[PDB]
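Everything below concerns the one structure shown next.
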Amino acid sequence: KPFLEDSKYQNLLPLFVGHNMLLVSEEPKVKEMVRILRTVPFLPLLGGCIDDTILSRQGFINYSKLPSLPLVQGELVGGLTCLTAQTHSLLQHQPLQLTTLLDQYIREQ
Amino acid sequence: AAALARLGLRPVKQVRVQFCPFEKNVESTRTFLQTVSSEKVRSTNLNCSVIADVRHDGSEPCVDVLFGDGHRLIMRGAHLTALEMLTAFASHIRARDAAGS
Amino acid sequence: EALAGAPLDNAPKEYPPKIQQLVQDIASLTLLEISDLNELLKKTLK
Amino acid sequence: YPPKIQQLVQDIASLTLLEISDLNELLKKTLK
Amino acid sequence: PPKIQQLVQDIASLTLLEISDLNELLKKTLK
Amino acid sequence: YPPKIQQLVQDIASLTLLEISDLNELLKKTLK
Amino acid sequence: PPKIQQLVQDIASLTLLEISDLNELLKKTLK
Amino acid sequence: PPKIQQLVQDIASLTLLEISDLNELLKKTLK
């Protein structure tokens, strides 16, 4: 508690009433930890701090459900093509309509 | 823990512990959870489920106890001590057991 | 110097003010500058 | 290559996984 | 080009509500 | 009807086939 | 080709009521 | 409208060998 008061983790003080234990890893392994903790129904997850961001129990649950960072990095890259294809698709109706008409002409013959 | 283990959890079906760990009035509820979550207390009845619900809604802590007879015991630890809740919890066990048998 | 508290589950979605400044900057820049920015970002992230 | 463009490169990579998701959600909604 | 550059200024200047109206004409009227 | 997109719409109709092809090439190739 | 150039200009200039005639023929008369 | 009626006649009048040239522009020149 004296450590937390003088450090940046001042909002973690209420979480340390009574018996407490710390589950810490060099990298975020929330999804692995949660399923192991779910095996014990009476063990509570009081929250904590991930990457200098204090989160509650639901924050850890949401963090685990969030996809991996490399996939999230590519989502911004993936969205760039959507912006470019948006304007292109506006004028793409005419080529699609013309192709269908030509195909039907052969079928009727 | 020792006193509660002697009585046992035979007439208790499910114990639900709801509290917000970031609040300043949940210390008593957490102390109650520690006593109930003890191995000695839980070993008395393996059919009794102890559930700890952690929420960040700011609501006052509450403890819900469900017995085999269907009666519910609700103790609100916002202004109650751990010892008082344990005594009330023990008294209901000593009474619900007699009614069932 | 002190981390903000965890927002409530029932509270509406809230975004830190630091990100708000970045959002307005992106809209100001032209697509040609962003397209050159996008090319550098894709190689940098790899 | 422009100094202003180079500045945004550092900011985007520096943001954490949780912080990036907040930025990504806002940008898509603002564009639409 | 003197055409694509002016296009970018239009999207940025339009308000969030007016983007939907622009999209509707380009998505429904032109289809 | 903003006072900017109106000019762009009118320009497209006035463009010829050769000028349209060059305009479409920039979007498809230069920006991709 | 001149044939394609004529068609593109006509479609844009057609009114909303006139476009419906073209759409009806393709979806119904040709099917 | 007269513009659409002219387009239908031209397609049927073209021979099969000359049809391939028209279809090539749509699929390759425009794409």
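Just remember, in the structure tokens the first chain shown is A, the second B, etc., residues are 1-based per chain, and ligands are 1-based in the order shown.
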Determine, for each residue of chain A having at least one atom at most 10 Å from an atom of chain F, the closest pair of atoms and their separation in Å to one decimal, counting only C-alpha atoms; order by chain and ascending number, as a Markdown table.
```
| residue | atom | partner | partner_atom | distance |
| --- | --- | --- | --- | --- |
| A:80 | CA | F:32 | CA | 9.8 |
| A:81 | CA | F:32 | CA | 8.3 |
| A:84 | CA | F:27 | CA | 7.8 |
| A:85 | CA | F:28 | CA | 9.1 |
| A:87 | CA | F:27 | CA | 9.0 |
| A:88 | CA | F:27 | CA | 8.0 |
```
Alpha helix (DSSP H) call set, DSSP backbone run, chain H, as a PDB file with N, CA and C atoms, in the first residue's frame:
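What ended up in out.pdb:
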```pdb
ATOM      1  N   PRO H   2     -35.522   6.755 -77.924  1.00  0.00           N
ATOM      2  CA  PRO H   2     -34.793   6.375 -79.146  1.00  0.00           C
ATOM      3  C   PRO H   2     -33.372   5.901 -78.894  1.00  0.00           C
ATOM      4  N   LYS H   3     -32.708   6.413 -77.854  1.00  0.00           N
ATOM      5  CA  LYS H   3     -31.315   6.047 -77.611  1.00  0.00           C
ATOM      6  C   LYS H   3     -31.174   4.564 -77.284  1.00  0.00           C
ATOM      7  N   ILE H   4     -32.069   4.032 -76.449  1.00  0.00           N
ATOM      8  CA  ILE H   4     -31.991   2.622 -76.079  1.00  0.00           C
ATOM      9  C   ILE H   4     -32.336   1.733 -77.268  1.00  0.00           C
ATOM     10  N   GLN H   5     -33.317   2.146 -78.077  1.00  0.00           N
ATOM     11  CA  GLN H   5     -33.747   1.326 -79.206  1.00  0.00           C
ATOM     12  C   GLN H   5     -32.631   1.133 -80.225  1.00  0.00           C
ATOM     13  N   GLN H   6     -31.776   2.142 -80.404  1.00  0.00           N
ATOM     14  CA  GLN H   6     -30.667   2.015 -81.345  1.00  0.00           C
ATOM     15  C   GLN H   6     -29.644   0.991 -80.865  1.00  0.00           C
ATOM     16  N   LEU H   7     -29.417   0.923 -79.551  1.00  0.00           N
ATOM     17  CA  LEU H   7     -28.414   0.008 -79.012  1.00  0.00           C
ATOM     18  C   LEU H   7     -28.790  -1.448 -79.260  1.00  0.00           C
ATOM     19  N   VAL H   8     -30.074  -1.784 -79.107  1.00  0.00           N
ATOM     20  CA  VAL H   8     -30.507  -3.170 -79.269  1.00  0.00           C
ATOM     21  C   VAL H   8     -30.302  -3.634 -80.706  1.00  0.00           C
ATOM     22  N   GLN H   9     -30.610  -2.769 -81.675  1.00  0.00           N
ATOM     23  CA  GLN H   9     -30.490  -3.152 -83.079  1.00  0.00           C
ATOM     24  C   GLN H   9     -29.040  -3.423 -83.465  1.00  0.00           C
ATOM     25  N   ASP H  10     -28.106  -2.619 -82.952  1.00  0.00           N
ATOM     26  CA  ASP H  10     -26.706  -2.761 -83.343  1.00  0.00           C
ATOM     27  C   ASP H  10     -26.132  -4.102 -82.899  1.00  0.00           C
ATOM     28  N   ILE H  11     -26.500  -4.560 -81.701  1.00  0.00           N
ATOM     29  CA  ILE H  11     -25.942  -5.803 -81.172  1.00  0.00           C
ATOM     30  C   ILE H  11     -26.347  -6.989 -82.040  1.00  0.00           C
ATOM     31  N   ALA H  12     -27.621  -7.050 -82.432  1.00  0.00           N
ATOM     32  CA  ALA H  12     -28.094  -8.175 -83.234  1.00  0.00           C
ATOM     33  C   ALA H  12     -27.519  -8.148 -84.645  1.00  0.00           C
ATOM     34  N   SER H  13     -27.236  -6.958 -85.180  1.00  0.00           N
ATOM     35  CA  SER H  13     -26.744  -6.863 -86.551  1.00  0.00           C
ATOM     36  C   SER H  13     -25.292  -7.310 -86.670  1.00  0.00           C
ATOM     37  N   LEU H  16     -20.857 -12.721 -85.418  1.00  0.00           N
ATOM     38  CA  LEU H  16     -20.248 -13.356 -84.253  1.00  0.00           C
ATOM     39  C   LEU H  16     -18.756 -13.054 -84.165  1.00  0.00           C
ATOM     40  N   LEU H  17     -18.059 -13.063 -85.305  1.00  0.00           N
ATOM     41  CA  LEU H  17     -16.626 -12.784 -85.296  1.00  0.00           C
ATOM     42  C   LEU H  17     -16.339 -11.366 -84.814  1.00  0.00           C
ATOM     43  N   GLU H  18     -17.148 -10.398 -85.245  1.00  0.00           N
ATOM     44  CA  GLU H  18     -16.962  -9.012 -84.835  1.00  0.00           C
ATOM     45  C   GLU H  18     -17.492  -8.727 -83.435  1.00  0.00           C
ATOM     46  N   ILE H  19     -18.278  -9.636 -82.857  1.00  0.00           N
ATOM     47  CA  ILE H  19     -18.759  -9.448 -81.491  1.00  0.00           C
ATOM     48  C   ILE H  19     -17.602  -9.522 -80.501  1.00  0.00           C
ATOM     49  N   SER H  20     -16.629 -10.400 -80.764  1.00  0.00           N
ATOM     50  CA  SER H  20     -15.540 -10.621 -79.815  1.00  0.00           C
ATOM     51  C   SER H  20     -14.735  -9.349 -79.576  1.00  0.00           C
ATOM     52  N   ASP H  21     -14.565  -8.525 -80.613  1.00  0.00           N
ATOM     53  CA  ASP H  21     -13.812  -7.284 -80.453  1.00  0.00           C
ATOM     54  C   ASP H  21     -14.514  -6.326 -79.499  1.00  0.00           C
ATOM     55  N   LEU H  22     -15.841  -6.213 -79.606  1.00  0.00           N
ATOM     56  CA  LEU H  22     -16.583  -5.329 -78.712  1.00  0.00           C
ATOM     57  C   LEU H  22     -16.511  -5.812 -77.268  1.00  0.00           C
ATOM     58  N   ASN H  23     -16.619  -7.125 -77.053  1.00  0.00           N
ATOM     59  CA  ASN H  23     -16.574  -7.659 -75.696  1.00  0.00           C
ATOM     60  C   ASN H  23     -15.183  -7.533 -75.084  1.00  0.00           C
ATOM     61  N   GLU H  24     -14.138  -7.536 -75.916  1.00  0.00           N
ATOM     62  CA  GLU H  24     -12.777  -7.432 -75.399  1.00  0.00           C
ATOM     63  C   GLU H  24     -12.531  -6.080 -74.737  1.00  0.00           C
TER      64      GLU H  24
END
```
Go through A:103, A:51, A:75, A:5 and flag the residue nearest chain G, using only C-alpha atoms for the distances.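 Between A:103, A:51, A:75, A:5, the residue approaching chain G most closely is A:103.
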Counting only C-alpha atoms, which residues of chain F come no farther than 9 Å from chain G, as a tab-separated table (two decimals) with N, CA and C atoms, in the first residue's frame?
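Listed below is the output, part-v8.tsv:
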```tsv
chain	number	residue	atom	x	y	z
F	13	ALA	N	-19.55	14.37	-66.88
F	13	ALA	CA	-20.38	14.29	-68.08
F	13	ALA	C	-19.70	14.94	-69.28
F	14	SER	N	-19.01	16.06	-69.05
F	14	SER	CA	-18.36	16.78	-70.14
F	14	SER	C	-17.07	16.10	-70.61
F	16	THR	N	-14.47	13.46	-72.20
F	16	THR	CA	-14.50	12.52	-73.30
F	16	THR	C	-13.97	11.15	-72.85
F	17	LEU	N	-14.04	10.18	-73.77
F	17	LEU	CA	-13.63	8.82	-73.44
F	17	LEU	C	-12.14	8.76	-73.11
```
Please provide chain F as a PDB file with N, CA and C atoms, in the first residue's frame, once it has been superposed on chain D by least squares across all sequentially paired Cα atoms.
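As a result, result24.pdb now contains:
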```
ATOM      1  N   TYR F   1       9.791  12.439 -47.531  1.00  0.00           N
ATOM      2  CA  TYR F   1       9.533  12.371 -46.097  1.00  0.00           C
ATOM      3  C   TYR F   1       9.207  13.751 -45.532  1.00  0.00           C
ATOM      4  N   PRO F   2       7.919  14.106 -45.530  1.00  0.00           N
ATOM      5  CA  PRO F   2       7.520  15.398 -44.974  1.00  0.00           C
ATOM      6  C   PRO F   2       7.690  15.413 -43.464  1.00  0.00           C
ATOM      7  N   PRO F   3       7.859  16.592 -42.864  1.00  0.00           N
ATOM      8  CA  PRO F   3       8.056  16.680 -41.410  1.00  0.00           C
ATOM      9  C   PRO F   3       6.790  16.522 -40.580  1.00  0.00           C
ATOM     10  N   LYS F   4       5.687  16.055 -41.162  1.00  0.00           N
ATOM     11  CA  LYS F   4       4.445  15.849 -40.426  1.00  0.00           C
ATOM     12  C   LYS F   4       4.048  14.384 -40.330  1.00  0.00           C
ATOM     13  N   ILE F   5       4.099  13.654 -41.446  1.00  0.00           N
ATOM     14  CA  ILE F   5       3.701  12.250 -41.448  1.00  0.00           C
ATOM     15  C   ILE F   5       4.664  11.407 -40.617  1.00  0.00           C
ATOM     16  N   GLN F   6       5.911  11.861 -40.461  1.00  0.00           N
ATOM     17  CA  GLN F   6       6.880  11.117 -39.660  1.00  0.00           C
ATOM     18  C   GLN F   6       6.404  10.956 -38.222  1.00  0.00           C
ATOM     19  N   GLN F   7       5.822  12.013 -37.651  1.00  0.00           N
ATOM     20  CA  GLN F   7       5.301  11.927 -36.290  1.00  0.00           C
ATOM     21  C   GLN F   7       4.150  10.933 -36.199  1.00  0.00           C
ATOM     22  N   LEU F   8       3.264  10.929 -37.199  1.00  0.00           N
ATOM     23  CA  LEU F   8       2.112  10.032 -37.172  1.00  0.00           C
ATOM     24  C   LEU F   8       2.541   8.570 -37.233  1.00  0.00           C
ATOM     25  N   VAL F   9       3.547   8.260 -38.054  1.00  0.00           N
ATOM     26  CA  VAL F   9       4.008   6.879 -38.182  1.00  0.00           C
ATOM     27  C   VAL F   9       4.565   6.375 -36.857  1.00  0.00           C
ATOM     28  N   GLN F  10       5.365   7.202 -36.177  1.00  0.00           N
ATOM     29  CA  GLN F  10       5.941   6.795 -34.900  1.00  0.00           C
ATOM     30  C   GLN F  10       4.874   6.611 -33.829  1.00  0.00           C
ATOM     31  N   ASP F  11       3.821   7.432 -33.852  1.00  0.00           N
ATOM     32  CA  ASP F  11       2.777   7.330 -32.837  1.00  0.00           C
ATOM     33  C   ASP F  11       2.046   5.995 -32.922  1.00  0.00           C
ATOM     34  N   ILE F  12       1.787   5.513 -34.141  1.00  0.00           N
ATOM     35  CA  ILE F  12       1.027   4.277 -34.314  1.00  0.00           C
ATOM     36  C   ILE F  12       1.754   3.104 -33.669  1.00  0.00           C
ATOM     37  N   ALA F  13       3.075   3.032 -33.848  1.00  0.00           N
ATOM     38  CA  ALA F  13       3.846   1.947 -33.249  1.00  0.00           C
ATOM     39  C   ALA F  13       3.790   2.000 -31.727  1.00  0.00           C
ATOM     40  N   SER F  14       3.824   3.205 -31.154  1.00  0.00           N
ATOM     41  CA  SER F  14       3.811   3.352 -29.704  1.00  0.00           C
ATOM     42  C   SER F  14       2.434   3.121 -29.093  1.00  0.00           C
ATOM     43  N   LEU F  15       1.370   3.185 -29.889  1.00  0.00           N
ATOM     44  CA  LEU F  15       0.026   2.992 -29.361  1.00  0.00           C
ATOM     45  C   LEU F  15      -0.192   1.546 -28.930  1.00  0.00           C
ATOM     46  N   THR F  16      -0.997   1.377 -27.885  1.00  0.00           N
ATOM     47  CA  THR F  16      -1.374   0.060 -27.401  1.00  0.00           C
ATOM     48  C   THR F  16      -2.618  -0.441 -28.134  1.00  0.00           C
ATOM     49  N   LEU F  17      -2.996  -1.687 -27.838  1.00  0.00           N
ATOM     50  CA  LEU F  17      -4.136  -2.298 -28.517  1.00  0.00           C
ATOM     51  C   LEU F  17      -5.432  -1.556 -28.211  1.00  0.00           C
ATOM     52  N   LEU F  18      -5.624  -1.146 -26.955  1.00  0.00           N
ATOM     53  CA  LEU F  18      -6.843  -0.429 -26.587  1.00  0.00           C
ATOM     54  C   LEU F  18      -6.929   0.921 -27.291  1.00  0.00           C
ATOM     55  N   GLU F  19      -5.813   1.650 -27.358  1.00  0.00           N
ATOM     56  CA  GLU F  19      -5.829   2.963 -27.994  1.00  0.00           C
ATOM     57  C   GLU F  19      -5.944   2.856 -29.509  1.00  0.00           C
ATOM     58  N   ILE F  20      -5.399   1.790 -30.099  1.00  0.00           N
ATOM     59  CA  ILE F  20      -5.534   1.585 -31.539  1.00  0.00           C
ATOM     60  C   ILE F  20      -6.991   1.326 -31.909  1.00  0.00           C
ATOM     61  N   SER F  21      -7.695   0.529 -31.100  1.00  0.00           N
ATOM     62  CA  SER F  21      -9.084   0.196 -31.405  1.00  0.00           C
ATOM     63  C   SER F  21      -9.968   1.439 -31.407  1.00  0.00           C
ATOM     64  N   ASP F  22      -9.759   2.340 -30.445  1.00  0.00           N
ATOM     65  CA  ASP F  22     -10.519   3.586 -30.429  1.00  0.00           C
ATOM     66  C   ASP F  22     -10.191   4.450 -31.641  1.00  0.00           C
ATOM     67  N   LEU F  23      -8.914   4.496 -32.034  1.00  0.00           N
ATOM     68  CA  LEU F  23      -8.526   5.281 -33.203  1.00  0.00           C
ATOM     69  C   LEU F  23      -9.151   4.724 -34.476  1.00  0.00           C
ATOM     70  N   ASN F  24      -9.172   3.396 -34.620  1.00  0.00           N
ATOM     71  CA  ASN F  24      -9.788   2.792 -35.796  1.00  0.00           C
ATOM     72  C   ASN F  24     -11.300   2.965 -35.791  1.00  0.00           C
ATOM     73  N   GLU F  25     -11.909   3.038 -34.605  1.00  0.00           N
ATOM     74  CA  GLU F  25     -13.359   3.182 -34.518  1.00  0.00           C
ATOM     75  C   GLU F  25     -13.824   4.513 -35.097  1.00  0.00           C
ATOM     76  N   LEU F  26     -13.070   5.588 -34.852  1.00  0.00           N
ATOM     77  CA  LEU F  26     -13.459   6.900 -35.362  1.00  0.00           C
ATOM     78  C   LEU F  26     -13.478   6.921 -36.886  1.00  0.00           C
ATOM     79  N   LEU F  27     -12.457   6.343 -37.521  1.00  0.00           N
ATOM     80  CA  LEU F  27     -12.416   6.323 -38.980  1.00  0.00           C
ATOM     81  C   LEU F  27     -13.550   5.485 -39.559  1.00  0.00           C
ATOM     82  N   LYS F  28     -13.836   4.335 -38.947  1.00  0.00           N
ATOM     83  CA  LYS F  28     -14.829   3.420 -39.496  1.00  0.00           C
ATOM     84  C   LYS F  28     -16.257   3.881 -39.221  1.00  0.00           C
ATOM     85  N   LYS F  29     -16.503   4.491 -38.063  1.00  0.00           N
ATOM     86  CA  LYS F  29     -17.858   4.815 -37.632  1.00  0.00           C
ATOM     87  C   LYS F  29     -18.154   6.307 -37.637  1.00  0.00           C
ATOM     88  N   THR F  30     -17.298   7.120 -37.014  1.00  0.00           N
ATOM     89  CA  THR F  30     -17.564   8.554 -36.934  1.00  0.00           C
ATOM     90  C   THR F  30     -17.551   9.200 -38.316  1.00  0.00           C
ATOM     91  N   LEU F  31     -16.606   8.807 -39.166  1.00  0.00           N
ATOM     92  CA  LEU F  31     -16.494   9.362 -40.508  1.00  0.00           C
ATOM     93  C   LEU F  31     -17.369   8.643 -41.528  1.00  0.00           C
ATOM     94  N   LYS F  32     -18.056   7.576 -41.131  1.00  0.00           N
ATOM     95  CA  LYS F  32     -18.937   6.851 -42.041  1.00  0.00           C
ATOM     96  C   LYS F  32     -20.319   6.655 -41.425  1.00  0.00           C
TER      97      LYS F  32
END
```
For residue 2 in chain C, work out the shell of residues within 9 Å, counting only C-alpha atoms and skipping chain neighbours fewer than 2 positions away, then give it as JSON, numbers by chain. {"A": [7, 8, 9, 10, 11], "C": [4]}
For the atom pair CA of residue 61 in chain A and CA of residue 16 in chain A, what is the interatomic distance in Å to one decimal place? 20.6 Å
Spatial neighbours of residue 17 in chain B, 12 Å, only C-alpha atoms, chain gap at least 6 places, as a ChimeraX atom specification: /A:41-44 /B:26,28-37,49-55,60-66,73-77
What residues in chain A lie within 10 Å of chain C, counting only C-alpha atoms, written as a PDB file with N, CA and C atoms, in the first residue's frame?
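Full text of selection13.pdb as output:
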```pdb
ATOM      1  N   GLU A   5       0.621   4.208  -3.095  1.00  0.00           N
ATOM      2  CA  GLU A   5       0.220   5.592  -2.855  1.00  0.00           C
ATOM      3  C   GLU A   5       1.157   6.572  -3.553  1.00  0.00           C
ATOM      4  N   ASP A   6       2.461   6.311  -3.509  1.00  0.00           N
ATOM      5  CA  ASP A   6       3.444   7.214  -4.091  1.00  0.00           C
ATOM      6  C   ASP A   6       3.744   6.919  -5.556  1.00  0.00           C
ATOM      7  N   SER A   7       3.217   5.830  -6.106  1.00  0.00           N
ATOM      8  CA  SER A   7       3.449   5.474  -7.495  1.00  0.00           C
ATOM      9  C   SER A   7       2.240   5.874  -8.337  1.00  0.00           C
ATOM     10  N   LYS A   8       2.272   5.515  -9.620  1.00  0.00           N
ATOM     11  CA  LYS A   8       1.175   5.822 -10.527  1.00  0.00           C
ATOM     12  C   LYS A   8      -0.038   4.927 -10.317  1.00  0.00           C
ATOM     13  N   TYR A   9       0.092   3.862  -9.534  1.00  0.00           N
ATOM     14  CA  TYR A   9      -1.012   2.938  -9.277  1.00  0.00           C
ATOM     15  C   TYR A   9      -1.769   3.307  -8.004  1.00  0.00           C
ATOM     16  N   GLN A  10      -2.217   4.561  -7.915  1.00  0.00           N
ATOM     17  CA  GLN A  10      -2.936   5.014  -6.732  1.00  0.00           C
ATOM     18  C   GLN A  10      -4.369   4.505  -6.677  1.00  0.00           C
ATOM     19  N   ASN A  11      -4.945   4.121  -7.813  1.00  0.00           N
ATOM     20  CA  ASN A  11      -6.332   3.679  -7.867  1.00  0.00           C
ATOM     21  C   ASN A  11      -6.497   2.194  -7.576  1.00  0.00           C
ATOM     22  N   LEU A  12      -5.407   1.478  -7.314  1.00  0.00           N
ATOM     23  CA  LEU A  12      -5.462   0.067  -6.959  1.00  0.00           C
ATOM     24  C   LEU A  12      -5.545  -0.162  -5.455  1.00  0.00           C
ATOM     25  N   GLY A  47      -9.393  -7.504 -10.902  1.00  0.00           N
ATOM     26  CA  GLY A  47      -8.980  -6.568 -11.928  1.00  0.00           C
ATOM     27  C   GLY A  47      -7.476  -6.465 -12.053  1.00  0.00           C
ATOM     28  N   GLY A  48      -6.963  -5.243 -12.146  1.00  0.00           N
ATOM     29  CA  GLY A  48      -5.532  -5.044 -12.252  1.00  0.00           C
ATOM     30  C   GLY A  48      -5.149  -3.910 -13.176  1.00  0.00           C
ATOM     31  N   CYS A  49      -3.982  -4.021 -13.803  1.00  0.00           N
ATOM     32  CA  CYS A  49      -3.497  -2.993 -14.718  1.00  0.00           C
ATOM     33  C   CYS A  49      -2.720  -3.667 -15.836  1.00  0.00           C
ATOM     34  N   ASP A  52      -0.115  -0.159 -18.302  1.00  0.00           N
ATOM     35  CA  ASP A  52      -0.353   1.124 -17.635  1.00  0.00           C
ATOM     36  C   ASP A  52      -1.789   1.603 -17.833  1.00  0.00           C
ATOM     37  N   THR A  53      -2.736   0.668 -17.791  1.00  0.00           N
ATOM     38  CA  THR A  53      -4.156   0.989 -17.908  1.00  0.00           C
ATOM     39  C   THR A  53      -4.921   0.100 -16.938  1.00  0.00           C
ATOM     40  N   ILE A  54      -5.490   0.707 -15.898  1.00  0.00           N
ATOM     41  CA  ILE A  54      -6.211  -0.054 -14.884  1.00  0.00           C
ATOM     42  C   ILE A  54      -7.541  -0.526 -15.453  1.00  0.00           C
ATOM     43  N   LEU A  55      -7.816  -1.821 -15.313  1.00  0.00           N
ATOM     44  CA  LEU A  55      -9.029  -2.424 -15.840  1.00  0.00           C
ATOM     45  C   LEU A  55      -9.719  -3.229 -14.750  1.00  0.00           C
ATOM     46  N   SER A  56     -11.028  -3.395 -14.910  1.00  0.00           N
ATOM     47  CA  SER A  56     -11.831  -4.184 -13.990  1.00  0.00           C
ATOM     48  C   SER A  56     -11.856  -5.637 -14.460  1.00  0.00           C
ATOM     49  N   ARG A  57     -12.726  -6.450 -13.856  1.00  0.00           N
ATOM     50  CA  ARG A  57     -12.854  -7.838 -14.289  1.00  0.00           C
ATOM     51  C   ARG A  57     -13.356  -7.923 -15.725  1.00  0.00           C
ATOM     52  N   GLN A  58     -14.354  -7.106 -16.075  1.00  0.00           N
ATOM     53  CA  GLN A  58     -14.877  -7.122 -17.436  1.00  0.00           C
ATOM     54  C   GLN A  58     -13.850  -6.607 -18.436  1.00  0.00           C
ATOM     55  N   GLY A  59     -12.988  -5.679 -18.017  1.00  0.00           N
ATOM     56  CA  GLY A  59     -11.943  -5.201 -18.906  1.00  0.00           C
ATOM     57  C   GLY A  59     -10.997  -6.306 -19.336  1.00  0.00           C
ATOM     58  N   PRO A  70      -1.244  -8.024 -34.138  1.00  0.00           N
ATOM     59  CA  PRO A  70      -0.909  -8.013 -35.575  1.00  0.00           C
ATOM     60  C   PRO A  70      -2.126  -8.011 -36.483  1.00  0.00           C
ATOM     61  N   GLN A  73      -3.402  -4.498 -36.369  1.00  0.00           N
ATOM     62  CA  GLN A  73      -2.563  -3.635 -37.196  1.00  0.00           C
ATOM     63  C   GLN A  73      -2.971  -3.714 -38.661  1.00  0.00           C
ATOM     64  N   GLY A  74      -3.289  -4.920 -39.142  1.00  0.00           N
ATOM     65  CA  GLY A  74      -3.721  -5.083 -40.520  1.00  0.00           C
ATOM     66  C   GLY A  74      -5.134  -4.619 -40.796  1.00  0.00           C
ATOM     67  N   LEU A  76      -6.351  -1.654 -39.997  1.00  0.00           N
ATOM     68  CA  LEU A  76      -6.172  -0.325 -40.571  1.00  0.00           C
ATOM     69  C   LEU A  76      -5.691  -0.412 -42.013  1.00  0.00           C
ATOM     70  N   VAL A  77      -4.745  -1.314 -42.287  1.00  0.00           N
ATOM     71  CA  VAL A  77      -4.291  -1.528 -43.659  1.00  0.00           C
ATOM     72  C   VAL A  77      -5.422  -2.090 -44.510  1.00  0.00           C
ATOM     73  N   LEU A  80      -7.961   0.568 -45.681  1.00  0.00           N
ATOM     74  CA  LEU A  80      -7.540   1.472 -46.747  1.00  0.00           C
ATOM     75  C   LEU A  80      -8.090   1.029 -48.096  1.00  0.00           C
TER      76      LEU A  80
END
```
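If you look at CA of residue 27 in chain E and CA of residue 37 in chain C, they are 28.6 Å away from each other.
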Show me, as a ChimeraX atom specification, the residues of chain A whose atoms get within 9 Å of chain E, using only C-alpha atoms for the distance check. /A:87,89-91,93-94
Would you save the residues of that selection, restricted to N, CA and C atoms, as an mmCIF file, in the first residue's frame?
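So the final result, stored in selection05.cif, reads:
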```
data_model
loop_
_atom_site.group_PDB
_atom_site.id
_atom_site.type_symbol
_atom_site.label_atom_id
_atom_site.label_comp_id
_atom_site.auth_asym_id
_atom_site.auth_seq_id
_atom_site.Cartn_x
_atom_site.Cartn_y
_atom_site.Cartn_z
ATOM 1 N N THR A 87 -15.330 4.338 -53.860
ATOM 2 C CA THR A 87 -15.595 5.173 -55.028
ATOM 3 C C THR A 87 -15.593 4.347 -56.310
ATOM 4 N N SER A 89 -16.520 1.211 -56.666
ATOM 5 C CA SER A 89 -17.751 0.435 -56.754
ATOM 6 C C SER A 89 -18.940 1.272 -57.206
ATOM 7 N N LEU A 90 -18.882 2.595 -57.030
ATOM 8 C CA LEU A 90 -19.980 3.451 -57.471
ATOM 9 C C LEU A 90 -20.157 3.385 -58.982
ATOM 10 N N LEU A 91 -19.054 3.393 -59.725
ATOM 11 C CA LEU A 91 -19.083 3.295 -61.178
ATOM 12 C C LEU A 91 -18.937 1.866 -61.680
ATOM 13 N N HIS A 93 -21.184 -0.427 -61.321
ATOM 14 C CA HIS A 93 -22.492 -0.970 -61.673
ATOM 15 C C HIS A 93 -22.633 -1.150 -63.180
ATOM 16 N N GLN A 94 -22.196 -0.160 -63.959
ATOM 17 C CA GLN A 94 -22.337 -0.245 -65.412
ATOM 18 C C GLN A 94 -21.569 -1.414 -66.018
#
```
